[PDB]
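Okay, so here's the structure we're looking at.
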Amino acid sequence: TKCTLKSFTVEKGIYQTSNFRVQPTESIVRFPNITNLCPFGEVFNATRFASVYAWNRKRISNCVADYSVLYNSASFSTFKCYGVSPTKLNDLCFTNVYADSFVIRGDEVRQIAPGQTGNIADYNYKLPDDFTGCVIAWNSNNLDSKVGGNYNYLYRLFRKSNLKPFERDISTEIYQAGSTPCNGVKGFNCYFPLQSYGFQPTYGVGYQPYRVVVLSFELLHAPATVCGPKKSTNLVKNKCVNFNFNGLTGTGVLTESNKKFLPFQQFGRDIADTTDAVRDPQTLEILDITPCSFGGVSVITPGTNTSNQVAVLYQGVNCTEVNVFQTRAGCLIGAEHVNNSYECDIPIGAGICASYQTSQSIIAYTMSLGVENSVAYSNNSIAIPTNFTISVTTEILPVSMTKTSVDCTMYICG
Amino acid sequence: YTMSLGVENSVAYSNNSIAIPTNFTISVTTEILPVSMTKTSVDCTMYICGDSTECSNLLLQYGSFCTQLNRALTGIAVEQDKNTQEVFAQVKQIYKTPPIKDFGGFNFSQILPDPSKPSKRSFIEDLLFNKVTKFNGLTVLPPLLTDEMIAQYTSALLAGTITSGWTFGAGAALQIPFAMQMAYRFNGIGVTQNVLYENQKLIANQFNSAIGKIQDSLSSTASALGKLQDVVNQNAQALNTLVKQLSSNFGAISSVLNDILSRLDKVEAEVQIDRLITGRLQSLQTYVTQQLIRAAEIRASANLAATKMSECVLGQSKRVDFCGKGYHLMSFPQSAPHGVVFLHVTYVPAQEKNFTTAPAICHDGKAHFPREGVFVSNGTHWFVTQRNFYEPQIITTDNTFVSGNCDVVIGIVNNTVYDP
Amino acid sequence: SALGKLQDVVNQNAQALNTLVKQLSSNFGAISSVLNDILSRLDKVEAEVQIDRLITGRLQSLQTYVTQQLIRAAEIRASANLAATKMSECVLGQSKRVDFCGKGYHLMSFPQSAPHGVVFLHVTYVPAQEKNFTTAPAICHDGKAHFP
Amino acid sequence: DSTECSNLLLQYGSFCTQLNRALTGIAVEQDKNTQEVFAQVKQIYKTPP
Amino acid sequence: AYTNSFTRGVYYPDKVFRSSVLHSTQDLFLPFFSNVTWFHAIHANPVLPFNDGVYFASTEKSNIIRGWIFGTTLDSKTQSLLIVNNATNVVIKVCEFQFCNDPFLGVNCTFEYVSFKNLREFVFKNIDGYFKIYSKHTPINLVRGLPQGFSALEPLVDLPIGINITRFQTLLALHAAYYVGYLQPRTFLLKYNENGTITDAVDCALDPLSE
Ligand SMILES: *[C@@H]1O[C@H](CO)[C@@H](O)[C@H](O)[C@H]1NC(C)=O
Ligand SMILES: *[C@@H]1O[C@H](CO)[C@@H](O)[C@H](O)[C@H]1NC(C)=O
Ligand SMILES: *[C@@H]1O[C@H](CO)[C@@H](O)[C@H](O)[C@H]1NC(C)=O
Ligand SMILES: *[C@@H]1O[C@H](CO)[C@@H](O)[C@H](O)[C@H]1NC(C)=O
Ligand SMILES: *[C@@H]1O[C@H](CO)[C@@H](O)[C@H](O)[C@H]1NC(C)=O
Ligand SMILES: *[C@@H]1O[C@H](CO)[C@@H](O)[C@H](O)[C@H]1NC(C)=O
Ligand SMILES: *[C@@H]1O[C@H](CO)[C@@H](O)[C@H](O)[C@H]1NC(C)=O
Ligand SMILES: *[C@@H]1O[C@H](CO)[C@@H](O)[C@H](O)[C@H]1NC(C)=O
Ligand SMILES: *[C@@H]1O[C@H](CO)[C@@H](O)[C@H](O)[C@H]1NC(C)=O
């Protein structure tokens, strides 16, 4: 209370200091019951990839991998990520990953980024503006460049319209822009749809060939099938824990429930659009992710000029769930319950008030509304006053608050 | 269509004609006022950051915003009990009803407490309770006075009013017979008190019927609670909006705070989380600013209700239309959820008759004026009456006074004034 | 402690300014709370990013104060209009309005000045020693009803 | 009328609906104030000739 | 020939449990009370456009429709999604394996998968080149038209095939009728009850009362 109020003196009152939460006793990891190693290392050792207009894809599922060695590895000349940190990958899981791969000149590797434009991003391999993934590339001039030129890698120079995100289009139809009729052959304003990089060992370090792999991650409403190199714990129930369902993470009681998830449903949400329940991916049971069973803490005290003694109200908490008293407002601790009723000294709520009384203790009681009186009414009797008293009543009203002014430039800057 | 403003009426004015009511209706116009809205509190660190230590240490960089928002909602929350005290706790003693209801024919059994109930509201208070219908560091706090306590103050104010008139609002409660209490309510509106006693059965039957209509009105007409139900709806809609703002991205990559922490790393995570902190804090300042303004509206209504309690219930008000339409006689408070309901009993005149009138009457050269009341004639007889109910007395040296000679007054008439 | 309604106006505004000054110690996500640090550690193009965090925070903090003063000044005005009404009706008059000009039957009032407000000494007649009498609505004499 | 801006504004959530609501609540109240001051009379009286 | 969509073509927008909420989303849906095509399931099974996505339904005595083809050309000149049933599984291929060009049967491996009285309903949409399938089956209460009252289609399958689609056709096993309409981007209001279940919906763009 002294810290909440930033003072060493506390007057008679009730103060809203804090919030009770049942603490996470242990961490709990719930990945799917899967083994196997993901084929990323197969892709990193492939003899070649396709020409980039026909870019390869490998679907990744039912497996785990260590990513942490990869961005440390001397095997790669560039590593990047978007929507994820490479440092975090070993802690995560995904519904799928797709590894997408091709060979291009280094000056075009810049187009392998979210929402890009130019002939690779428009006419060979489009990444969306909000792409969640990583990109791995290596200079391959030692493998992919030759005297007179390695022409065996090509890219689409022209198309009639731009590709959608992950659209693959392999047909080399002639780019007739003008009146020059295509007829399966090159012409003026009717150009060849490809070009070849023709990679020569005299090329500068940007125009040289680079092998590229794009790690297209997705984590969906549908459960994980790919994970980092971390093992599951066993499950814990009906105790507060620091949970991790495929990377869905937080602090809470894994409450047993009969919440009627339809057979296809995997996660459930509170109206805040935050998770309230999950299906455990190994146990296949509907764990309600109850939070830390929270409740605001309010501190009832006479003034510190009178006593250091104090009482505590856990608002909305039941005393079985935290002398002790169950008010309707919440569990009250450190206050002596009394059957007598008095004028309300410190208000609590739901008709309860508290005070310092007899050797002193904080008592708590249902407040008294006033002295009970029965008027001696009957159909022929009247009370008439035989005398008076002239009262003087003092009524106090505020009229004018302090005329402040703040110069906004001298306050904000000075 | 173009709306009509009301039925049109040419008032029959002419320089010597007056209409006087020959009869009355005791109306009972109901009035409803909000008194105290739902008390709330927000643990802003829990709302913004949900026990993320990373987010909580970012929120420290903002300083006193979380404590001054929690302070502003705390100031509103304490004031809701201050309103509820000021409206109902106007009487320092809890008056209780006599066992036997010898109130001269008036039937308060529908507005006094009912011992049959598990919580001892009146019958009409229970209709008012039937006609009226949070998880993210947001909380609702209970009121200090429970409905089982407010139903005792709306008994003490009511049993005071029935057994003792104004007097419990000025000194010790004085017993007075209820028929005589109404005689002093009537004499307070210029109707001479014999107009009550000569008509007491009619007045009891009009009043008992006018109370009976309010049960049928409230039973059928759930829309009658409009003000109080809207004060519930406004606070429910404001909390739902403050909760649903947790879903908004505010230009971060995701609104689930654990996504940023479980997908990015601490250098980028602060740049994303500071968007969520700014967006959720601007959301909470928007809610608390509207609660401060809405509290001023409910406070203006609680000061008005506390004034109607002091004037209309604890007394009788000369203020036209303040305590219901018509001339005010008396008012009974009834409790309702987040509010108060007054049953304002009012004398409304009815069944006019036209009469010829004059400002003065000329006798033996002296001008006579009515002591209280109006001179009127049916056409040939001359009489004097009180202004608010036709009761024709003979004109005399007692119910008139002289001033000056007959020359000065416009429209004076020649008629004989009797001397007993 | 009778003067709570006046002393609380002084305390609320004092607590508001002291909170508004403490906000200059906040970082708001800048590298320092003190603006001469940012100008003495950084070159213009970096300083004008860090200062923009401070300006955004300090301006949001000053709008939060001025908004709550507008609300608090409307609350004091509702009390000033009430006091102006009691001056007109209770002091410059006598009030027929029950429990407006103090408890009891109102006779008279005297205004007394105070810091940031006004204090009324309402003088009120309170009836104070009962007797219990038999009563009747009317007296019958010669078969005619007499009323008081 | 930039859609390119409007699709960013949707990420700020329900601020925009509650601003249009707050000005609507003030606007309806200006009719109610004009009703409660003037419409206190139940029938349209008119003077003698 | 034509009939009307009424309230049909609703489906769960994601695999998330929501309850006791009038939730809202913007997605591909079949517009309410809108005009849709109707055909006999005979011979009356021509090539059709696919647009962004399809609502399909069929009224059948013993399931006469046993497949569909989706793609740009439907003719084995390029990989085109062929969806089939073998009376124990659903079978799916993208291969240039040409079915009968007269589209019934009387009773390249770049992607493959294996799992009037009967009304079958299906919803189909393609996102990022993945093909998504939703469905529901019921006994009929009307002999020829679509049912007026509400029902939500369930998720069946989601295959990351990576293929462009602009047209489709349906395929018959012989020795019944079918209905076709197109999805549009719409905002919907969805009536999630206590039991995790969408029990009703509003197409927010339908009319000014829906707004
Ligand atoms: C308090 O909690 C216990 C369960 O721990 C329950 O049995 C009891 O009914 C609760 N009491 C109240 C008043 O909520
Ligand atoms: C309070 O009253 C109850 C009976 O209502 C009784 O059981 C209890 O012992 C009493 N406690 C005290 C301290 O009087
Ligand atoms: C009225 O009360 C005073 C004390 O306040 C007493 O001295 C006086 O005698 C009383 N008057 C009568 C008439 O009893
Ligand atoms: C006054 O009005 C009431 C309406 O119920 C009627 O019963 C009564 O007879 C009327 N009085 C006269 C004198 O007509
Ligand atoms: C009062 O009115 C109620 C209406 O239900 C009736 O039951 C009761 O008998 C009446 N009491 C008297 C004393 O007339
Ligand atoms: C009073 O007289 C005028 C003029 O004759 C007439 O319009 C009006 O209806 C009369 N009022 C009553 C109560 O008869
Ligand atoms: C009233 O009006 C009439 C004309 O209609 C006029 O002759 C008469 O003198 C007027 N009486 C008074 C008192 O002015
Ligand atoms: C009223 O009476 C006096 C005395 O008889 C007479 O002079 C006067 O003319 C009368 N007035 C009228 C209006 O007849
Ligand atoms: C006289 O009336 C008072 C209340 O005004 C009451 O306390 C007292 O008991 C009554 N006396 C008798 C004999 O009833």
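Identifiers in this document derive from the order of the structure tokens: chains are assigned A, B, ..., residues are numbered from 1 separately in each chain, and ligands are numbered from 1 in order of occurrence.
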Protein and nucleic residues near ligand 2, 12 Å, only C-alpha atoms and all ligand atoms, as number ranges by chain: A: 336-341, 363-366
So that I have them on file, write out the residues from the current selection with N, CA and C atoms, as a PDB file, in the first residue's frame.
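Saved result, result_20.pdb, follows:
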ATOM      1  N   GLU A 336     -12.043  -9.349  11.786  1.00  0.00           N
ATOM      2  CA  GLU A 336     -12.883 -10.091  12.722  1.00  0.00           C
ATOM      3  C   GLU A 336     -14.376  -9.863  12.432  1.00  0.00           C
ATOM      4  N   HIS A 337     -15.121 -10.895  12.034  1.00  0.00           N
ATOM      5  CA  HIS A 337     -16.553 -10.745  11.751  1.00  0.00           C
ATOM      6  C   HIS A 337     -17.368 -10.486  13.025  1.00  0.00           C
ATOM      7  N   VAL A 338     -18.375  -9.616  12.954  1.00  0.00           N
ATOM      8  CA  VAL A 338     -19.206  -9.219  14.104  1.00  0.00           C
ATOM      9  C   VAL A 338     -20.698  -9.258  13.757  1.00  0.00           C
ATOM     10  N   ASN A 339     -21.533  -9.758  14.677  1.00  0.00           N
ATOM     11  CA  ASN A 339     -22.991  -9.831  14.495  1.00  0.00           C
ATOM     12  C   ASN A 339     -23.711  -8.519  14.828  1.00  0.00           C
ATOM     13  N   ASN A 340     -23.194  -7.727  15.770  1.00  0.00           N
ATOM     14  CA  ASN A 340     -23.649  -6.351  15.962  1.00  0.00           C
ATOM     15  C   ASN A 340     -23.490  -5.553  14.662  1.00  0.00           C
ATOM     16  N   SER A 341     -24.315  -4.529  14.468  1.00  0.00           N
ATOM     17  CA  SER A 341     -24.194  -3.598  13.344  1.00  0.00           C
ATOM     18  C   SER A 341     -24.059  -2.163  13.837  1.00  0.00           C
ATOM     19  N   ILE A 363     -12.580  -4.944  12.737  1.00  0.00           N
ATOM     20  CA  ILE A 363     -13.825  -5.707  12.636  1.00  0.00           C
ATOM     21  C   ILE A 363     -14.476  -5.491  11.273  1.00  0.00           C
ATOM     22  N   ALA A 364     -15.329  -6.419  10.841  1.00  0.00           N
ATOM     23  CA  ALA A 364     -16.176  -6.267   9.662  1.00  0.00           C
ATOM     24  C   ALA A 364     -17.609  -6.706   9.965  1.00  0.00           C
ATOM     25  N   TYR A 365     -18.581  -5.920   9.511  1.00  0.00           N
ATOM     26  CA  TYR A 365     -19.986  -6.041   9.889  1.00  0.00           C
ATOM     27  C   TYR A 365     -20.913  -5.564   8.772  1.00  0.00           C
ATOM     28  N   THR A 366     -22.166  -6.023   8.758  1.00  0.00           N
ATOM     29  CA  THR A 366     -23.186  -5.431   7.880  1.00  0.00           C
ATOM     30  C   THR A 366     -23.575  -4.064   8.438  1.00  0.00           C
TER      31      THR A 366
END
Spatial neighbours of residue 77 of chain E, 12 Å, only C-alpha atoms, chain gap at least 2 places, as a ChimeraX atom specification: /A:171 /E:71-75,79-80,94-98,108
Based on the selection just made, write C-alpha atoms of those residues as a compact mmCIF listing (two decimals), in the first residue's frame.
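Produced file result29.txt, reproduced below:
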# COMPACT_ATOMS: atom_id res chain seq x y z
CA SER A 171 4.90 -22.76 -70.58
CA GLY E 71 -8.50 -26.37 -64.01
CA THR E 72 -7.96 -24.00 -66.97
CA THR E 73 -8.68 -26.54 -69.81
CA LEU E 74 -10.12 -29.80 -68.21
CA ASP E 75 -8.78 -31.85 -71.19
CA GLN E 79 -2.33 -30.87 -64.98
CA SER E 80 -6.00 -30.42 -63.94
CA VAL E 94 -3.96 -33.65 -60.95
CA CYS E 95 -2.62 -35.83 -63.82
CA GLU E 96 -3.21 -35.61 -67.62
CA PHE E 97 -5.15 -38.94 -67.22
CA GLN E 98 -8.03 -38.28 -69.63
CA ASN E 108 1.88 -37.03 -64.93
With only C-alpha atoms and all ligand atoms counted, collect every polymer residue having an atom within 12 Å of ligand 8; state the result as a PDB file with C-alpha atoms, in the first residue's frame.
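Once everything was written out, this is part.pdb:
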ATOM      1  CA  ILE B 361     -68.847  44.522  -6.941  1.00  0.00           C
ATOM      2  CA  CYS B 362     -70.368  47.946  -6.270  1.00  0.00           C
ATOM      3  CA  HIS B 363     -72.662  48.130  -3.210  1.00  0.00           C
ATOM      4  CA  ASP B 364     -73.680  51.502  -1.588  1.00  0.00           C
ATOM      5  CA  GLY B 365     -70.957  53.398  -3.570  1.00  0.00           C
ATOM      6  CA  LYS B 366     -68.140  51.249  -2.023  1.00  0.00           C
ATOM      7  CA  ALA B 367     -66.242  48.748  -4.195  1.00  0.00           C
ATOM      8  CA  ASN B 405     -65.465  54.119  -4.487  1.00  0.00           C
ATOM      9  CA  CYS B 406     -67.041  52.435  -7.565  1.00  0.00           C
ATOM     10  CA  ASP B 407     -65.648  54.993 -10.128  1.00  0.00           C
ATOM     11  CA  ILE B 410     -62.829  48.884 -14.946  1.00  0.00           C
ATOM     12  CA  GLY B 411     -65.794  46.469 -15.390  1.00  0.00           C
ATOM     13  CA  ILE B 412     -67.197  46.635 -11.799  1.00  0.00           C
ATOM     14  CA  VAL B 413     -70.883  45.483 -11.524  1.00  0.00           C
ATOM     15  CA  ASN B 414     -73.824  46.682  -9.377  1.00  0.00           C
ATOM     16  CA  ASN B 415     -74.982  43.993  -6.898  1.00  0.00           C
ATOM     17  CA  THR B 416     -76.083  43.858  -3.200  1.00  0.00           C
TER      18      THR B 416
END
Check: which chain C residues lie within 10 Å of chain B using only C-alpha atoms, as a VMD selection string: chain C and resid 16 19 to 20 22 to 30 33 57 to 58 60 to 61 64 67 to 68 71 to 72 74 to 75 78 96 to 100 102 to 106 124 to 133 135 to 138 145 to 148
Check: which chain E residues lie within 9 Å of chain A using only C-alpha atoms, as number ranges by chain: E: 14-19, 21, 128-129, 154-155, 160, 162-164, 194-197
At most 7 Å to chain A: residues in chain B, only C-alpha atoms, as a ChimeraX atom specification: /B:92-98,102-103,142-146,163,174-177,243-244,246-247,256,258,262-265
For ligand 1, list the contacting residues at 10 Å or closer, counting only C-alpha atoms and all ligand atoms, as a short mmCIF file (atom, residue, chain, number, x, y, z; two decimals) with N, CA and C atoms, in the first residue's frame.
data_model
loop_
_atom_site.label_atom_id
_atom_site.label_comp_id
_atom_site.auth_asym_id
_atom_site.auth_seq_id
_atom_site.Cartn_x
_atom_site.Cartn_y
_atom_site.Cartn_z
N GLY A 316 -13.87 -10.66 -5.80
CA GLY A 316 -14.35 -11.74 -6.67
C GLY A 316 -13.71 -13.12 -6.45
N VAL A 317 -12.77 -13.26 -5.51
CA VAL A 317 -12.17 -14.55 -5.14
C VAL A 317 -12.91 -15.15 -3.96
N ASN A 318 -13.09 -16.47 -3.95
CA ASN A 318 -13.69 -17.21 -2.85
C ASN A 318 -12.59 -17.62 -1.85
N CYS A 319 -12.85 -17.63 -0.55
CA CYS A 319 -11.80 -17.90 0.44
C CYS A 319 -11.16 -19.30 0.35
N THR A 320 -11.84 -20.26 -0.28
CA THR A 320 -11.28 -21.59 -0.59
C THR A 320 -10.29 -21.58 -1.76
N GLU A 321 -10.10 -20.45 -2.44
CA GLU A 321 -9.36 -20.34 -3.71
C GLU A 321 -8.18 -19.35 -3.66
N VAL A 322 -7.94 -18.67 -2.54
CA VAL A 322 -6.88 -17.67 -2.40
C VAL A 322 -5.49 -18.27 -2.64
N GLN A 326 -16.07 -14.71 4.23
CA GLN A 326 -16.54 -14.67 2.84
C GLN A 326 -17.62 -13.58 2.68
N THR A 327 -17.23 -12.35 2.36
CA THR A 327 -18.19 -11.32 1.91
C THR A 327 -18.72 -11.66 0.52
N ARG A 328 -19.83 -11.06 0.08
CA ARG A 328 -20.28 -11.18 -1.32
C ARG A 328 -19.36 -10.44 -2.31
N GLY A 330 -16.00 -10.42 -2.12
CA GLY A 330 -14.79 -11.24 -2.23
C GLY A 330 -14.31 -11.73 -0.86
N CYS A 331 -13.30 -12.59 -0.85
CA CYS A 331 -12.73 -13.09 0.39
C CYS A 331 -12.06 -11.97 1.18
#
Computed interatomic separation between atom CA of residue 54 of chain B and atom CA of residue 273 of chain B (Å): 9.1 Å
At most 12 Å to chain B: residues in chain D, only C-alpha atoms, as a ChimeraX atom specification: /D:7-19,21-22,25,35,38-49
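When only C-alpha atoms and all ligand atoms are used to measure the gap to ligand 5, the shortest distance among B:76, B:277, B:257, B:112 belongs to B:112.
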Shell of 12 Å around residue 85 of chain C, only C-alpha atoms, local chain residues under 6 positions omitted, as a list in words: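 Residues near the query, excluding close chain neighbours: residues 397 of chain A; 78, 79, 91, 92, 93, 95, 100 and 101 of chain C.
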Write the residues you've just listed into a file as a PDB file, in the first residue's frame, and include N, CA, C and O atoms for each of them.
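Result file follows (part.pdb):
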ATOM      1  N   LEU A 397     -19.757  24.799   0.006  1.00  0.00           N
ATOM      2  CA  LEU A 397     -19.758  24.547  -1.442  1.00  0.00           C
ATOM      3  C   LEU A 397     -18.515  25.130  -2.122  1.00  0.00           C
ATOM      4  O   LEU A 397     -18.222  26.307  -1.915  1.00  0.00           O
TER       5      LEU A 397
ATOM      6  N   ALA C  78     -21.051  23.257 -11.899  1.00  0.00           N
ATOM      7  CA  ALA C  78     -22.328  22.770 -11.373  1.00  0.00           C
ATOM      8  C   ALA C  78     -22.499  23.103  -9.884  1.00  0.00           C
ATOM      9  O   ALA C  78     -23.591  23.458  -9.455  1.00  0.00           O
ATOM     10  N   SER C  79     -21.410  23.098  -9.113  1.00  0.00           N
ATOM     11  CA  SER C  79     -21.389  23.580  -7.731  1.00  0.00           C
ATOM     12  C   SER C  79     -21.456  25.104  -7.609  1.00  0.00           C
ATOM     13  O   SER C  79     -22.146  25.615  -6.739  1.00  0.00           O
ATOM     14  N   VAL C  91     -30.233  33.284   1.009  1.00  0.00           N
ATOM     15  CA  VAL C  91     -29.737  34.523   1.636  1.00  0.00           C
ATOM     16  C   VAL C  91     -30.634  35.702   1.299  1.00  0.00           C
ATOM     17  O   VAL C  91     -31.225  36.304   2.183  1.00  0.00           O
ATOM     18  N   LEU C  92     -30.789  36.008   0.012  1.00  0.00           N
ATOM     19  CA  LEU C  92     -31.612  37.107  -0.496  1.00  0.00           C
ATOM     20  C   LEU C  92     -33.126  36.843  -0.389  1.00  0.00           C
ATOM     21  O   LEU C  92     -33.917  37.608  -0.925  1.00  0.00           O
ATOM     22  N   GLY C  93     -33.558  35.792   0.305  1.00  0.00           N
ATOM     23  CA  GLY C  93     -34.957  35.387   0.400  1.00  0.00           C
ATOM     24  C   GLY C  93     -35.252  34.551   1.640  1.00  0.00           C
ATOM     25  O   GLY C  93     -34.502  34.557   2.613  1.00  0.00           O
ATOM     26  N   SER C  95     -36.757  30.322   1.922  1.00  0.00           N
ATOM     27  CA  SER C  95     -37.089  29.219   1.031  1.00  0.00           C
ATOM     28  C   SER C  95     -38.224  28.356   1.553  1.00  0.00           C
ATOM     29  O   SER C  95     -38.162  27.789   2.637  1.00  0.00           O
ATOM     30  N   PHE C 100     -33.694  22.148   1.121  1.00  0.00           N
ATOM     31  CA  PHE C 100     -32.759  22.842   0.230  1.00  0.00           C
ATOM     32  C   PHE C 100     -31.878  23.826   1.003  1.00  0.00           C
ATOM     33  O   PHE C 100     -30.657  23.697   0.990  1.00  0.00           O
ATOM     34  N   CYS C 101     -32.471  24.779   1.723  1.00  0.00           N
ATOM     35  CA  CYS C 101     -31.745  25.715   2.582  1.00  0.00           C
ATOM     36  C   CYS C 101     -31.581  25.163   4.016  1.00  0.00           C
ATOM     37  O   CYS C 101     -32.073  25.735   4.985  1.00  0.00           O
TER      38      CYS C 101
END
Within 7 Å of ligand 4 (only C-alpha atoms and all ligand atoms), residues as a list in words: residues 22, 23 and 24 of chain B
Save out the residues we just selected, N, CA, C and O atoms, as a short mmCIF file (atom, residue, chain, number, x, y, z; two decimals), in the first residue's frame.
data_model
loop_
_atom_site.label_atom_id
_atom_site.label_comp_id
_atom_site.auth_asym_id
_atom_site.auth_seq_id
_atom_site.Cartn_x
_atom_site.Cartn_y
_atom_site.Cartn_z
N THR B 22 -65.67 22.20 -11.97
CA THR B 22 -66.66 21.69 -11.00
C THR B 22 -66.26 20.36 -10.38
O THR B 22 -66.96 19.87 -9.50
N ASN B 23 -65.16 19.75 -10.84
CA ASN B 23 -64.73 18.42 -10.43
C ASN B 23 -63.20 18.26 -10.59
O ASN B 23 -62.53 19.14 -11.11
N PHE B 24 -62.64 17.15 -10.15
CA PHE B 24 -61.21 16.89 -10.21
C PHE B 24 -60.92 15.42 -10.51
O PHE B 24 -61.75 14.54 -10.30
#
Protein and nucleic acid residues within 8 Å of ligand 6 (only C-alpha atoms and all ligand atoms) as an NGL selection string: :B and (11-12 or 19 or 351-354)
Residue list (strand (DSSP E), DSSP) for segment 193-308 of chain A, as a ChimeraX atom specification: /A:194-196,209-218,226-227,240-245,248-256,267-270,274-279,286-290,295-301
